[PDB]
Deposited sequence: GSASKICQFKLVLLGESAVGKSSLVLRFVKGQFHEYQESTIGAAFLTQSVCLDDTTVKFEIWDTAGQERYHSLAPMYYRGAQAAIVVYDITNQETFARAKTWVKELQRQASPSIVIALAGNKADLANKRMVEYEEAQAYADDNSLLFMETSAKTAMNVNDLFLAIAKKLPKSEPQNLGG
């Protein structure tokens, strides 16, 4: 079993907490408090890769916390909301921050969350894909609400990590 630390980043309300709860606990409850209720949570994927997952919900404003959150992190997911263009712009700022401040070996994924609300889409799939490709990022659209692509994002990260 390989075990790694993974951090979730992104604007408040994009779905960071929901994504971690869906992956770790299997479930979703709408309008819950925006937190994972735990200092960190753990879950695995079999190829076995075990993730210790740190959420930044409630802490998004505090970029000087970066040293602590990124120390010993092997992976990160930057999350945006596909219905909110500003959150995609914001995601780029965190991708940049990871690139400048996290370990040079960190595996970064971008998640376009709330893809169940594709009718209210404001960030084009092809736009985020090009951006992800330009930055050597993993990219998927996700829905914590339905579970669409949630486990599979963590699996894609697991495959990119060292053995």
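- Missing from the model, relative to the deposited sequence, are the ranges 1-5, 53-55, 172-179.
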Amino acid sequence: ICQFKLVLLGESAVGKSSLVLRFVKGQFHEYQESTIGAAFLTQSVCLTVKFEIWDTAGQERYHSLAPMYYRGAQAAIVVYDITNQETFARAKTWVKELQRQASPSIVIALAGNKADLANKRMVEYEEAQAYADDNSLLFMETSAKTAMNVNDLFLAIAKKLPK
From here on, numbers count along this sequence of modelled residues.
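- Annotation for 56-64 versus 118-126: the higher mean temperature factor (C-alpha) is found in 118-126.
- When 129-137 is weighed against 28-36, 28-36 comes out higher, by mean CA B-factor as recorded in the entry.
- The maximum CA B-factor among the listed residues 107, 98, 110, 47, taken from the PDB record, is found at 47.
- Sort the modelled residues of the chain by CA B factor and residue 82 lands in the middle third.
- Among the modelled residues of its chain, residue 163 has a C-alpha B-factor that falls in the highest third, as given in the PDB entry.
- Residue 2: CA B factor lies in the highest third for its chain, per the PDB record.
- In the PDB entry, residue 103 places in the highest third of its chain by CA B-factor.
- In this PDB entry, residue 73 carries a Cα temperature factor that places it within the lowest third of its chain's modelled residues.
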